[PDB]
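Residue numbers (the deposited numbering), protein chains in the order written: chain C, 8 to 213; chain r, 1 to 72, 91 to 112; chain I, 1 to 176; chain R, 1 to 95; chain P, 1 to 185, 199 to 253, 279 to 323, 335 to 341; chain q, 2 to 145; chain B, 26 to 179; chain W, 15 to 128.
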Amino acid sequence: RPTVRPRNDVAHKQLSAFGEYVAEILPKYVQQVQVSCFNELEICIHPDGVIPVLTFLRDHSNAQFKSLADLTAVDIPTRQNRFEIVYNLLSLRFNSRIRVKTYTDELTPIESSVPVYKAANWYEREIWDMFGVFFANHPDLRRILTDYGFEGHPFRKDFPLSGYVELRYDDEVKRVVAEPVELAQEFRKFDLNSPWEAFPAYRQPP
Amino acid sequence: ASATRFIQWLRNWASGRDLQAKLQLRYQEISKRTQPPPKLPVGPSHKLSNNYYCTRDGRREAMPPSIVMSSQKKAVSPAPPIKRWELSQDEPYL
Amino acid sequence: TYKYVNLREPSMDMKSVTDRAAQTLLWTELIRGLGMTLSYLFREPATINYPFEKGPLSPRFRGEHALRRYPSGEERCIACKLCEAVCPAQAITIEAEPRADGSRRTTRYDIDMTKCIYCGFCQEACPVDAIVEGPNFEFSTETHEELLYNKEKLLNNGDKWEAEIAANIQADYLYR
Amino acid sequence: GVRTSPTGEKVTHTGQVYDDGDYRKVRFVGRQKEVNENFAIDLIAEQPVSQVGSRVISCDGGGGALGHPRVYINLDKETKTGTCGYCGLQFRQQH
Amino acid sequence: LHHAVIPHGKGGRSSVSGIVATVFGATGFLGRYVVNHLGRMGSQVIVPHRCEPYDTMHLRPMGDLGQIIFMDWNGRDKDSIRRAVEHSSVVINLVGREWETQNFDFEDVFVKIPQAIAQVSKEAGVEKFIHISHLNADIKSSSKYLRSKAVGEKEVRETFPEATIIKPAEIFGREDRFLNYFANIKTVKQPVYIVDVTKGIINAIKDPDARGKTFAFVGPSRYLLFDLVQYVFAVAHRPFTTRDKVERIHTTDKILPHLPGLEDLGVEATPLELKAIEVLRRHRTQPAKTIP
Amino acid sequence: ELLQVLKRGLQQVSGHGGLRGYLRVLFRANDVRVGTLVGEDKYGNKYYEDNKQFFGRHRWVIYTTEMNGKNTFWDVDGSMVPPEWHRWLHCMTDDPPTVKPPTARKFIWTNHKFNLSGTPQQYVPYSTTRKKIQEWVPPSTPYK
Amino acid sequence: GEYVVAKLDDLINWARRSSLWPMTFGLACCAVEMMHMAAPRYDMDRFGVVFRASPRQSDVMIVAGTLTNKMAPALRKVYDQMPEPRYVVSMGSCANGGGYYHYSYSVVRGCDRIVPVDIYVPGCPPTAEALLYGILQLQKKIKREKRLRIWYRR
Amino acid sequence: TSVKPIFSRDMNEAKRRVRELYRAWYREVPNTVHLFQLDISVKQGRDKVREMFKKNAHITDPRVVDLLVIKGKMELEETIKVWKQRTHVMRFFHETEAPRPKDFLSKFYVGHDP
Ligand SMILES: CCCCCCCCCCCCCCCCCC(=O)OC[C@H](COP(=O)(O)OCCN)OC(=O)CCCCCCCCCCCCCCCCC
Ligand SMILES: NC(=O)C1=CN([C@@H]2O[C@H](COP(=O)(O)OP(=O)(O)OC[C@H]3O[C@@H](n4cnc5c(N)ncnc54)[C@H](OP(=O)(O)O)[C@@H]3O)[C@@H](O)[C@H]2O)C=CC1
Ligand code: SF4
Ligand code: SF4
Ligand code: SF4
Ligand SMILES: [Zn+2]
């Protein structure tokens with residue numbers, strides 16, 4: 008079938024088997040394990056398990072996930088714990104990838120993973136800057152992307168696209184000043200969603 | 001291409017290469033800027049029969065993730099260990 | 001498959017050691033570098049004599065926008081707003097109403113040329129080849145306001161450039 | 001069909017013109033008001049009605065794939081002509 | 001109100017203040033502050049200029065797209081004045097020179113030119129006219145600068161009776177020729206801050222009770238010229279010009295109690311001590338005693 | 002070969018019509034090559050080609066000294082090339098408008114204009130829509 | 026006398042437009058195309074436009090890429106240190122008006138909010154040739170300058 | 015109602031961190047006014063610092079207080095180490111923002127906003 012992406016059952020089984028393997032070894036922290044239809048393994052863990060679970064995946068002989076590919080966050084306001092923390096790891100030894108996910112809210116710190124992966128340093132600063140998630144015991148937690156003195160965390164779903172302040176040069180004070188944002192043309196919100204269901208396979212029970 | 005014979009010899013000797021065989025500037029060897037019109041082929045879904053969309057609908061074959069464990091034996095690795103690479107036989111060493 | 005870029009053991013025979021000593025003292029590899037830049041001195045330069053000579057372009061080139069007409073002179077645009085919807089930069093602003101003869105036509109068609117990313121998505125989305133990116137790339141201005149195109153400006157661009165635009169569309173439409 | 005207002009400002013094909021008391025016409029002082037003089041509404045009206053011998057004709061605007069989506073126009077009414085919704089060409093069933 | 005000039009927005013750069021202002025003399029010291037405050041709130045500003053466009057470049061960032069419009073004009077050409085003002089609701093005249101030139105003497109900048117602007121503005125139907133005069137304007141002054149300011153101040157009041165006339169004291173500020181003048185080297202002075210004068214001008218545009226009035230803009234404190242110059246040198250960390283200019287600096291600042299001032303436009307005068315260092319910091323390589 | 006190089010140099014003075022014409026193109030265009038005249042447009046621009054030059058230098062235009070009432074002896078502009086020749090000069094096509102002329106349309110500009118920024122003919126943007134809300138006009142006669 | 030003033034304007038104008046030394050803020054994508062303007066095909070140096078000049082010997086600032094709020098103060102400082110006469114060329118949609126990031130919380134919507142701008146080069150990015158057209162347009166703007174003619178008439 | 019603490023385990027410990035931060039800010043203002051060549055007085059700088067603390071006086075959540083101090087320390091680090099420029103320091107004073115009307119009538123005259 009030329010237009011349909013082919014399945015790979017061999018990889019699906021291997022990843023499923025390793026998913027059970029991880030969950031048997033770390034029952035204290037693993038809450039859910041799933042493999043996607045395009046064969047990506049996700050471990051969902053209690054936030055207490057960050058250091059133990061990441062250390063096990065880095066150091067264990069059947070894991071050896073030596074490379075932290077990415078660390079980011081997702082904001083889902085409807086959840087009690089709105090922030091989902093995502094670790095994407097790579098194992099060169101076994102030519103495999105794994106995703107570890109945990110959660111936190113505005114006021115609950117997450118343990119910094121710099122001790123496991125030195126790559127985590129700047130990623131956690133970016134998560135602090137863009138989402139406002141505090142990482143405990145970080146060697147140097149501060150903003151990395153936003154302007155100095157910037158207020159708020161832009162990547163939160165409830166932060167407006169254009170922010171609250173805009174800059175310009177002011178001649179009277181001979182410097183760049185910040186002022187409440189006004190737009191000559193407001194961003195035009197589009198309602199694009201079709202009112203007809205697209206994917207029956209994902210229908211949520213009513 | 002307009003360089004005199006002496007200048008060609010000079011810059012060839014200075015560079016150590018035969019520069020005239022691989023000039024950086026393009027001349028007549030390039031494609032004409034006007035070409036005959038194309039007639040492109042059509043994909044495998046361009047059929048009048050035996051072509052119902054439900055048999056070639058990739059998006060509708062996507063499924064939600066398979067849950068292998070939820071909070072509701092031999093050891094394994096995520097995949098077989100990667101195989102050692104082989105040294106190039108075209109040119110193993112620069 | 002892999003290869004080593006820098007895994008070689010220098011020969012320690014006296015003939016080779018003296019070869020490296022001569023290179024160190026006589027600067028031979030530095031002299032070799034001088035030859036390469038010398039050989040360029042006597043090569044023809046690649047420079048072209050702009051604006052009397054122009055860099056080559058293809059019929060697909062995405063330049064200044066224009067609104068086109070049918071051969072009769074009627075506007076091609078029917079205010080469908082597909083260009084405005086697809087525009088990645090929201091650079092297009094359209095308003096429309098029935099024309100005096102009842103035709104479906106725009107009363108506003110603005111492109112903020114300083115929002116536009118010159119991506120060509122508008123001309124892909126257009127069902128009647130009304131909005132195109134033309135071949136002109138020499139329209140820099142002295143003021144910001146001059147780059148806020150309204151419908152009159154865009155129609156004038158179409159009348160100004162149609163001769164070239166039509167020929168470019170003729171050469172590429174069979175690839176679309 | 002370009003005309004000037006009492007102020008002398010040209011009216012656009014969309015009917016736009018600044019009225020007497022509008023300060024905004026100061027933007028044109030020392031410069032000019034861009035106006036396109038080829039009014040499409042007048043140009044299409046100059047096209048003759050095409051006489052055809054069927055109840056239904058099709059229009060694609062000319063040039064095949066370079067025109068507009070092909071539509072079919074019903075010519076049953078003799079009171080008026082059939083007008084293409086895309087290009088404005090008119091058709092009439094003969095006798 | 002014509003629909004185009006009804007205010008909208010929140011008073012920022014992209015808002016619509018409803019003011020359409022022609023500012024003569026906008027390329028000078030006072031003009032750059034006036035145009036800035038107009039463009040801050042989204043006013044349409046027409047800038048007639050005599051100088052090179054290169055010399056008007058600092059005004060362009062002061063307004064959103066389209067809000068600052070530039071025009072050529074000649075002080076002696078009334079048609080060029082009519083072009084600049086016939087669409088405006090307020091005309092502000094800041095034209096002046098502290099010296100005379102071969103082509104323009106004080107009677108030109110301070111009488112003939114202001115009178116022509118006022119007359120053409122009257123004819124064109126401009127509702128409001130703001131004319132800057134001087135606190136010490138006086139036809140018996142030893143200064144030809146101040147004598148002309150008195151003659152022209154009278155001709156404007158006669159030509160455009162509803163004009164708001166503003167009489168500032170010496171204005172100090174970053175680009176002034178006052179504090180900077182001393183730093184580049199009997200009499201009581203009452204200098205006023207540039208931003209205070211600008212705010213007064215802006216509030217005069219809005220205040221309807223300001224029409225037909227004459228204001229004196231003065232600072233909060235009076236100083237002996239010697240005590241002021243001493244303070245300037247201390248602030249500039251320094252060990253302690280035409281003939282007409284010297285006469286002005288030695289003219290005591292009049293005290294006109296009957297005239298309304300900055301407090302009658304809602305403006306609090308800024309003490310010199312707060313802003314002196316701002317002006318004099320660049321001159322670096335005990336507050337002055339005030340008259341009660 | 003050096004002698005042959007020099008004669009080619011001298012043939013450029015004659016190929017340009019003598020010393021004055023040679024100096025005019027040298028100072029106007031900073032280039033004294035002689036090419037084949039491909040054609041001329043109604044504004045006086047002259048178009049040349051020499052296919053022995055490397056791609057990009059094989060086509061050039063010598064701009065007219067006057068266009069639309071503007072002295073362009075020294076002030077030339079890439080926007081002066083009319084659209085029909087624009088396609089050929091940028092190598093978007095092979096053959097010039099003298100060989101494949103553009104399709105004629107009644108609405109196409111008969112007179113090309115160059116970039117008009119900075120002149121009294123510059124484009125000034127404005128809203129093309131009419132007023133949306135109509136205000137109530139009170140009666141002219143008195144009656145309170 | 027006015028004949029003298031007209032010819033000195035021509036002389037100083039010719040010198041200034043014939044020796045335009047630019048400072049480029051290579052902020053983003055558009056910096057790549059100015060590099061291609063310096064590259065052999067267009068060779069900006071042949072017009073008298075040196076490839077790189079220090080800010081204090083610069084005559085024209087080319088803002089080539091997106092100006093963020095974080096960078097805006099730094100850009101203004103460099104402009105304020107330029108000896109006069111100085112000109113600004115805004116190159117690309119981002120610098121012209123914010124472009125594809127116009128609605129961002131962190132982007133200045135056009136560098137003309139920070140510095141005055143003499144030439145706006147459109148495109149995302151403008152081609153190296155389009156930038157060269159804008160530079161030659163700035164030269165013509167300098168040719169029109171009449172500083173001494175206006176000085177003599179004050 | 016059991017939650018993971020940030021630093022403080024109760025409001026008393028949180029308030030100690032607040033006072034340490036206030037002391038650090040109070041002592042740094044004289045240096046900031048000098049290094050950044052500000053045109054404000056040291057009194058103005060300290061009055062601004064006190065204002066910023068006061069608006070957060072009503073907090074009773076030690077975790078929220080902890081975050082406020084964390085952000086306050088980062089702001090102080092940017093100032094002490096001169097990562098900020100003069101424009102960033104002066105953004106606390108809104109020198110170009112004309113005062114918004116506060117009473118009902120003034121807001122009624124200018125627009126529709128509450
Ligand atoms: C009978 C017995 C008689 C007795 C007398 C016999 C004497 C003959 C034997 C002596 C010969 C010695 C030659 C002297 C030249 C200097 C040699 C030298 O200093 O080379 C070493 C120096 C650094 O070399 P390096 O690779 O860094 O390693 C050495 C340190 N570990 O390398 C360098 O200096 C590199 C220089 C870098 C700059 C490069 C730019 C120049 C390249 C082009 C130069 C062309 C030469 C110019 C010719 C002069 C023109 C007038
Ligand atoms: N600054 C002070 O201390 C006080 C000033 N005033 C008055 O306030 C007004 C402005 O003050 P200031 O801004 O300091 O004065 P400036 O000299 O700083 O600016 C004067 C303005 O007048 C313009 N101008 C001067 N002569 C002519 C002319 N012949 N034709 C056309 N335009 C001309 C200048 O334009 P160009 O740049 O083209 O020369 C400039 O824009 C003046 O009327 C001044 O007398 C009153 C009291 C105190
Ligand atoms: S080229 Fe792209 S960004 Fe520009 S108007 Fe078209 S769709 Fe919008
Ligand atoms: S230009 Fe094309 S896509 Fe855009 S509104 Fe008109 S017909 Fe639709
Ligand atoms: S204008 Fe376009 S090319 Fe230039 S920096 Fe912005 S996105 Fe990149
Ligand atoms: Zn049709």
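Virtual Cβ for every residue (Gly too), placed ideally from N, Cα, C.
No Cβ-Cβ contact shorter than 8 Å links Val33 (chain q) with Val39 (chain q).
Ranked by Cα distance from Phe72 (chain C), the options C:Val183, C:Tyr130 and C:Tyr94 are led by C:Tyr94. Remark: C-beta atoms of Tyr72 (chain R) and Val49 (chain R) do not approach each other more closely than 8 Å. For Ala26 (chain P), the shortest separation between its Cβ and any heavy atom of ligand 2 lies below 7 Å. Comparing alpha carbon positions, the residue from q:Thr94, q:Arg21, q:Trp89 and q:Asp78 closest to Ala155 (chain B) is q:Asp78.
Relative to ligand 4, even the nearest heavy atom lies 7 Å or more away from the CB of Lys115 (chain I).
By the beta-carbon neighbour count (other beta carbons within 10 angstroms, threshold 16), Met59 (chain B) is buried. The Cβ atoms of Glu152 (chain I) and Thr129 (chain q) sit closer than 8 Å to each other. Note that the C-beta distance between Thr164 (chain P) and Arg224 (chain P) is below 8 Å.
Uninterrupted alpha helix (DSSP H) stretches at least 4 residues long and entirely within the stretch 95 to 175 of chain C occur at 127 to 138, given in chain order.
Collapsing the DSSP output to three states places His127 (chain B) in coil. Taking the beta carbon of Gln99 (chain W) as reference, the chain B residues within 9 Å of it are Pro98, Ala99 and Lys102, listed in sequence order.
In the displayed model, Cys55 (chain B) falls within a helix according to three-state DSSP. Counting C-beta pairs with one atom in each stretch, the stretch 72 to 82 of chain R and the stretch 13 to 29 of chain P have fewer than three that are closer than 8 Å, which means they do not touch.
A check of alpha carbon separations from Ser11 (chain I) across I:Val5, I:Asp19 and I:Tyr4 identifies I:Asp19 as the nearest.
Residue contact with chain C for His102 (chain W): present (Cβ-Cβ distance below 8 Å to some residue of chain C). Rounded to whole angstroms, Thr74 (chain W) and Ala89 (chain I) show a C-alpha spacing of 45 Å.
8 Å or more divides the Cβ of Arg111 (chain B) from the Cβ of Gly123 (chain B). It is roughly 13 Å from the alpha-carbon of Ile117 (chain P) to the alpha-carbon of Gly96 (chain P). Taking CB atoms only, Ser58 (chain I) has a neighbour in chain q less than 8 Å away. Only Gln90 and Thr93 from the stretch 89 to 106 of chain I bring a Cβ to less than 9 Å from some Cβ of chain C. Annotation: the stretch 73 to 133 of chain I contains the following complete segments of the beta strand (DSSP E) (minimum length 3 residues), in chain order: 92 to 98, 104 to 112 and 131 to 133. Set against 7 Å, the gap from the CB of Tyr149 (chain I) to the closest heavy atom of ligand 3 is not smaller. Shown in chain order are the members of the stretch 183 to 195 of chain C whose Cβ falls below 9 Å from a Cβ of chain I: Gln192, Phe194 and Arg195. Of the candidates q:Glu85, q:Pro84, q:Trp86 and q:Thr65, q:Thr65 places its Cα closest to the Cα of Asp76 (chain q). For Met62 (chain P), the secondary structure class from DSSP, reduced to helix, strand or coil, is helix. Within chain q, the residues whose beta carbon sits less than 9 Å from that of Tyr158 (chain B) are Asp78, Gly79, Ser80 and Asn116, listed in sequence order.
When DSSP states are grouped into helix, strand and coil, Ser115 (chain B) belongs to the strand group. Residues of chain I with a Cβ closer than 7 Å to the Cβ of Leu146 (chain P) do not exist, since the nearest Cβ in that chain sits about 41 Å away. Any heavy atom of ligand 1 within less than 7 Å of a residue's beta carbon puts that residue on the list, which reads I:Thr24, I:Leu25, I:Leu26, I:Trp27, I:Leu30, I:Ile31 and I:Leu34. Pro147 (chain B) sits in coil when the DSSP states are folded into three classes, being neither helix nor strand.
Residues of chain C with a Cβ closer than 7 Å to the Cβ of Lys18 (chain W) are, in chain order, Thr115 and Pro116. Here the stretch 40 to 56 of chain r lies against the stretch 8 to 20 of chain C, with 3 or more beta-carbon pairs under 8 Å apart. Relative to ligand 6, the beta carbon of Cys54 (chain r) is positioned no closer than 7 Å to any heavy atom.
It is roughly 31 Å from the alpha-carbon of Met104 (chain W) to the alpha-carbon of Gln82 (chain B).
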